[PDB]
Amino acid sequence: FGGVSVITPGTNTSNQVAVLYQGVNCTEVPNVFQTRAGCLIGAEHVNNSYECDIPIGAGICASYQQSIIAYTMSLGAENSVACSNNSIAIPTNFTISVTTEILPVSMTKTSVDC
Amino acid sequence: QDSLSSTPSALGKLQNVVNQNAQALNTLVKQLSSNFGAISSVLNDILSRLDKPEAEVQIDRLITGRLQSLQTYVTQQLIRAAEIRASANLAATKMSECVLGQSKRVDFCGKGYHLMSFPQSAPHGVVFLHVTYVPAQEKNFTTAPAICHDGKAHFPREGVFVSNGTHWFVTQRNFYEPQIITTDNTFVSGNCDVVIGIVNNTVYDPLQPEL
Amino acid sequence: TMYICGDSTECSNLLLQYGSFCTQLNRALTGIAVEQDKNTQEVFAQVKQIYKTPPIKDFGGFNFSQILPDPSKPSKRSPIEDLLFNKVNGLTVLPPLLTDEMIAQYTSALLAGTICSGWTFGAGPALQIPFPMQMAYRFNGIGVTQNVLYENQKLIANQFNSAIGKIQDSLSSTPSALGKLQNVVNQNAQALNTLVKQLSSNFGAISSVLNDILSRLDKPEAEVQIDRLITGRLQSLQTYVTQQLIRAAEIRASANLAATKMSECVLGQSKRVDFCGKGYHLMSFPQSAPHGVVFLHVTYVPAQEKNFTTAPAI
Ligand SMILES: *[C@@H]1O[C@H](CO)[C@@H](O)[C@H](O)[C@H]1NC(C)=O
Ligand SMILES: *[C@@H]1O[C@H](CO)[C@@H](O)[C@H](O)[C@H]1NC(C)=O
Ligand SMILES: *[C@@H]1O[C@H](CO)[C@@H](O)[C@H](O)[C@H]1NC(C)=O
Ligand SMILES: *[C@@H]1O[C@H](CO)[C@@H](O)[C@H](O)[C@H]1NC(C)=O
Ligand SMILES: *[C@@H]1O[C@H](CO)[C@@H](O)[C@H](O)[C@H]1NC(C)=O
Ligand SMILES: *[C@@H]1O[C@H](CO)[C@@H](O)[C@H](O)[C@H]1NC(C)=O
Ligand SMILES: *[C@@H]1O[C@H](CO)[C@@H](O)[C@H](O)[C@H]1NC(C)=O
Ligand SMILES: *[C@@H]1O[C@H](CO)[C@@H](O)[C@H](O)[C@H]1NC(C)=O
Ligand SMILES: *[C@@H]1O[C@H](CO)[C@@H](O)[C@H](O)[C@H]1NC(C)=O
Ligand SMILES: *[C@@H]1O[C@H](CO)[C@@H](O)[C@H](O)[C@H]1NC(C)=O
């Protein structure tokens with residue numbers, strides 16, 4: 001036994017879905033990919049890494065690319081720091097950045113007469 | 001302004017609070033439709049059919065279920081209220097430290113070096129616009145921990161020693177602005193036998209050409 | 001539904017009389033599970049680029065071999081991290097979105113950034129600097145002139161290297177060192193064991209087993225006995241979920257503090273007293289741990305003071 005989850009892009013985009021059977025082998029279910037989260041059916045597994053869209057678990061995410069695919073999530077761009085013992089990097093220019101931060105302050109004040 | 005007007009998820013944090021509270025009330029009201037083992041979910045239908053002793057048995061079942069439903073609601077509200085209070089406390093701290101002053105706390109008032117912030121009101125919340133300074137267009141320079149001159153070790157007072165391949169300069173650290181190395185922008189401590197990586201260069205004394 | 005009724009359809013139909021209680025409980029636990037991934041992301045995913053250290057570890061005498069990834073091991077964890085990891089019915093457990101390897105990669109990226117570019121990578125593009133010069137800047141940050149760093153570079157590097165070695169030896173010989181992480185594991189295991197054991201309670205019924213009730217009694221009689229079990233089991237489950245929500249709030253607060261320390265202790269030098277260790281903060285290094293994070297705080301502590309006569313002015 002186990003849970004059944006439906007993986008979907010918005011219905012504003014597509015009516016295609018993939019189904020995850022949680023904690024079960026793909027051999028017991030009756031684009032079939034076995035994950036640590038369970039058996040994922042309807043998504044095409046690829047060897048490319050992308051930013052996570054819809055999380056599946058254990059590093060696996062799914063996205064709509066058209067059909068639904070499954071992949072190992074990327075943690076970000078790979079970069080090598082110019083590490084040295086006699087060289088320093090110094091900015092010759094700058095930019096002024098403005099970013100937004102949003103915080104909740106209060107709730108609606110409800111009252112229920114028991 | 002253009003980002004917010006074209007990004008449906010921009011204010012998800014405030015919308016989530018509204019959605020959770022609406023959902024909780026809808027759940028509480030829908031529980032009034034449950035029988036909880038009674039012949040009916042409607043008290044008037046029970047009272048119009050049964051006499052006192054029989055009605056009391058059915059009513060007790062509804063009271064038990066409805067009381068439990070209400071207790072569940074209140075407990076969840078207390079837990080959510082604590083979360084919102086923590087958020088409000090953080091917002092109040094940011095108002096003081098980001099808006100009413102300039103912060104040195106990394107990533108507290110936006111990404112980059114904080115300059116200033118501006119508050120904007122929002123439904124059940126606050127929006128902060130953080131203005132930061134972000135370094136750009138860096139260049140590679142050769143550096144040294146100290147300059148050796150007249151047998152003495154000279155260190156930067158404020159900046160860092162750099163070389164463009166032929167000449168040594170001292171510059172502020174966050175913006176390339178090379179200046180001649182002089183006795184007015186360095187200080188001397190000890191001889192040249194201690195510092196690892198110390199290099200030879202002239203250190204200019206402004207009084208020299210005057211006298 | 002499965003916790004309360006198992007695979008009994010007679011029980012399930014009675015459970016429907018209670019409305020949406022089960023939906024509320026399933027929803028609350030889902031919210032907690034999602035939050036746990038958010039907590040991890042807020043702490044570790046603070047770097048846009050994944051950095052790696054150079055093949056040549058020349059840091060002016062400073063030795064980071066105990067905190068940097070050990071390539072000879074399949075886990076690609078540091079010596080210290082390896083030590084940390086070796087020291088700690090309708091019920092299921094869901095996997096984390098980020099694996100231990102992914103978390104270790106984030107930690108490595110943060111260390112590579114700090115060691116080679118100091119605090120610059122935390123406020124924009126990574127700008128390389130010699131490690132000894134980075135330490136000189138950090139000395140200025142605590143009101144000590146930079147010549148003190150350069151004149152005592154060998155002493156300072158040795159004191160640092162020794163202090164790191166002590167950390168490894170301390171952890172390997174101190175059973176209580178990771179009590180904070182073990183307590184979380186123990187509390188959660190205890191809660192589940194309690195929830196499962198409640199299935200053995202009769203709650204006034206003739207039996208705690210639904211199959212034994214159904215095999216003996218007819219519908220009207222069975223329903224009376226089943227209702228007693230539903231009431232008790234529903235109460236037991238509600239108790240569990242409430243406790244999890246309260247504990248989740250505590251863990252969230254801890255994760256928020258850890259995320260703040262990552263930004264202010266690791267990605268910069270803090271002036272907040274006792275925020276990044278005891279003494280004057282120089283720098284800090286993150287290490288991953290089971291369900292948590294470990295910070296190594298490097299501080300400057302004054303020693304061997306002398307008495308002098310002073311005056312406010314000359
Ligand atoms: C829904 O689709 C329309 C285009 O048909 C698009 O303009 C809109 O932004 C979409 N809404 C969301 C939430 O994606
Ligand atoms: C079930 O899945 C595991 C992991 O992929 C595999 O090793 C095992 O052989 C599978 N069982 C069957 C019957 O295929
Ligand atoms: C992924 O790579 C494996 C080899 O490691 C290959 O056998 C498989 O067909 C590839 N799948 C895709 C979608 O590229
Ligand atoms: C600095 O960058 C701005 C654009 O952000 C550009 O207009 C300006 O000319 C640049 N300054 C220099 C010296 O390159
Ligand atoms: C500085 O040198 C490094 C070599 O590791 C190089 O990657 C980097 O692009 C250089 N900086 C500039 C401004 O060219
Ligand atoms: C370094 O700067 C000096 C002063 O402007 C200049 O004369 C010299 O040619 C520069 N060296 C190089 C390699 O550009
Ligand atoms: C920098 O590294 C080189 C070897 O690549 C070494 O010869 C030189 O002495 C080092 N300089 C300092 C200041 O450590
Ligand atoms: C600096 O000058 C001294 C003599 O005054 C010499 O012994 C030393 O080797 C020189 N160092 C460099 C880098 O030229
Ligand atoms: C760094 O420390 C380790 C552990 O003490 C030691 O084995 C290694 O040789 C040291 N590296 C250097 C260059 O001293
Ligand atoms: C300074 O004088 C005090 C007298 O109260 C004494 O206790 C302390 O040990 C002295 N410091 C040193 C360095 O002797």
Side-chain angles (χ1 to χ4, degrees), chain A residues 81-91, chain B residues 135 138-148 153-165 168-179 181 185-190 192 194-201 203, chain C residues 51 53-54 57-64 111-161 266-269 280-285 298 300:
Chain A
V81 177
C83 197
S84 70
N85 77 321
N86 60 358
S87 176
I88 188 165
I90 300 171
Chain B
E138 71 275 12
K139 301 291 182 184
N140 290 341
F141 300 94
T142 296
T143 188
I147 301 296
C148 185
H154 298 250
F155 299 87
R157 288 181 189 182
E158 298 180 1
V160 62
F161 291 134
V162 294
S163 170
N164 71 352
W168 285 91
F169 302 95
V170 60
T171 178
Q172 67 183 292
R173 295 178 184 99
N174 294 302
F175 190 75
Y176 184 57
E177 184 185 68
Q179 299 183 340
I181 299 167
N185 57 25
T186 68
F187 66 93
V188 176
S189 180
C192 298
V194 177
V195 176
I196 299 166
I198 192 165
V199 301
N200 290 358
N201 204 79
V203 179
Chain C
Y51 299 122
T53 53
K57 277 73 168 169
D58 183 347
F59 305 118
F62 288 86
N63 189 312
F64 304 113
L111 291 169
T114 301
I115 291 167
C116 293
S117 66
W119 55 54
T120 62
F121 80 103
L127 306 169
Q128 76 268 17
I129 188 169
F131 188 82
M133 291 183 70
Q134 187 198 136
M135 191 60 81
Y137 291 4
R138 291 175 186 282
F139 268 48
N140 284 338
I142 60 166
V144 177
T145 59
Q146 65 188 319
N147 63 285
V148 174
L149 185 275
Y150 290 119
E151 291 171 16
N152 295 284
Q153 183 175 335
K154 301 301 290 187
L155 174 63
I156 293 165
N158 286 336
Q159 289 174 312
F160 172 77
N161 291 339
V266 174
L267 299 179
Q269 184 181 28
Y280 299 107
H281 182 242
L282 295 171
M283 67 193 307
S284 302
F285 304 106
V298 184
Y300 178 103

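Lettering of chains follows the sequences in order, A, B, ..., and the numbering in each one begins at 1.
Counting only heavy atoms from C-beta outward, the side chains of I115(C) and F285(C) approach each other to under 4.5 Å. In this structure, the side chains of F155(B) and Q146(C) come closer than 4.5 Å at one or more pairs of heavy atoms. With a 4.5 Å cut-off on side-chain heavy atoms, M283(C) and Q134(C) count as touching. For the pair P145(B) and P132(C), the minimum side-chain heavy-atom distance is 4.5 Å or more. Proximity of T53(C) to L111(C): side-chain heavy atoms (C-beta onward) are nowhere separated by under 4.5 Å. Counting heavy atoms from C-beta outward, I147(B) and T186(B) have side chains that stay 4.5 Å or more apart. Looking at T143(B) and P130(C), their side chains come closer than 4.5 Å, going by heavy atoms from C-beta outward. Residues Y280(C) and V144(C) form no side-chain contact, since every pair of their non-hydrogen atoms from C-beta on lies 4.5 Å or further apart.
Shown here are the ring-ring contact (aromatic ring centres under 6.0 Å, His included) partners of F175(B), two or more places apart in sequence or in another chain: there are none. The side chain to side chain donor-acceptor pair (under 3.5 Å) test applied to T142(B) returns no partner, not counting sequence neighbours. Shown here are the ring-ring contact (aromatic ring centres under 6.0 Å, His included) partners of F62(C), two or more places apart in sequence or in another chain: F131(C), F160(C). Listed by chain and number, the residues in a side chain to side chain contact (heavy atoms under 4.5 Å, CB included) with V188(B) are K152(B), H154(B) (sequence neighbours excluded). Every residue meeting the side chain to side chain contact (heavy atoms under 4.5 Å, CB included) condition with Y176(B), not counting sequence neighbours, appears here in chain and number order: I90(A), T92(A), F141(B), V162(B), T171(B), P178(B). Residues passing the side chain to side chain contact (heavy atoms under 4.5 Å, CB included) test with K154(C), sequence neighbours excluded: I196(B). Partners of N161(C) according to the side chain to side chain contact (heavy atoms under 4.5 Å, CB included) rule, which considers only residues two or more places apart in sequence or in another chain, are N63(C). Considering only residues two or more places apart in sequence or on other chains, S189(B) meets the side chain to side chain donor-acceptor pair (under 3.5 Å) condition with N147(C), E151(C). Judged as a ring-ring contact (aromatic ring centres under 6.0 Å, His included), and not counting sequence neighbours, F161(B) has no contacts. Residues satisfying the side chain to side chain donor-acceptor pair (under 3.5 Å) criterion with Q172(B), sequence neighbours excluded, are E177(B). Taking the side chain to side chain donor-acceptor pair (under 3.5 Å) definition, one finds that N164(B) meets it with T166(B), sequence neighbours left out.
For the atom pair CH2 (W168(B)) and CD1 (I181(B)), the distance works out to 7.5 Å, reported to the nearest 0.5 Å. Between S117(C) atom OG and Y51(C) atom OH the span is 6.5 Å, to the nearest 0.5 Å. For the atom pair CD (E158(B)) and CG (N185(B)), the distance works out to 8.5 Å, reported to the nearest 0.5 Å. Distance check, rounded to the nearest 0.5 Å: SG of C192(B) to CG of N200(B) gives 7.0 Å.
Although no hydrogens or angles enter the test, the distance criterion places a donor-acceptor pair under 3.5 Å between the side chain of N152(C) and the main chain of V148(C). When atom types are taken as modelled, the side chain of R173(B) and the backbone of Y137(C) share no donor-acceptor pair closer than 3.5 angstrom.
For residues 119-129 of chain C, the pairs satisfying side-chain hydrogen bond (donor to acceptor under 3.5 Å, both in side chains) are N140(B)-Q128(C), with sequence neighbours left out.
Between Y150(C) and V195(B), the shortest heavy-atom distance links the atoms CB-CG2, 4.2 Å. Shown here for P135(B) and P91(A), the closest heavy-atom pair between the two residues is CB-CG, 3.7 Å. Closest heavy-atom contact between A89(A) and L127(C): O-CB, 3.6 Å. The minimum heavy-atom distance linking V81(A) with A126(C) is given by the pair CG2-CB, 4.4 Å. Here the closest non-hydrogen pair linking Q153(C) and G60(C) is NE2-O, 3.1 Å. Scanning all heavy atoms of the two residues, the minimum distance from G113(C) to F121(C) falls at C-CE2, 3.4 Å.
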Q: Please test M133(C) against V160(B) for side-chain contact (heavy atoms from CB on, under 4.5 Å), starting from the C-alpha separation and ending with a verdict.
A: CA-CA 9 Å; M133(C) 291 183 70; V160(B) 62; 3.5 Å; yes

**Q.** Chi angles and distances behind the side-chain contact (heavy atoms from CB on, under 4.5 Å) call for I156(C), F139(C)
**A.** CA-CA 11 Å; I156(C) 293 165; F139(C) 268 48; 3.9 Å; yes

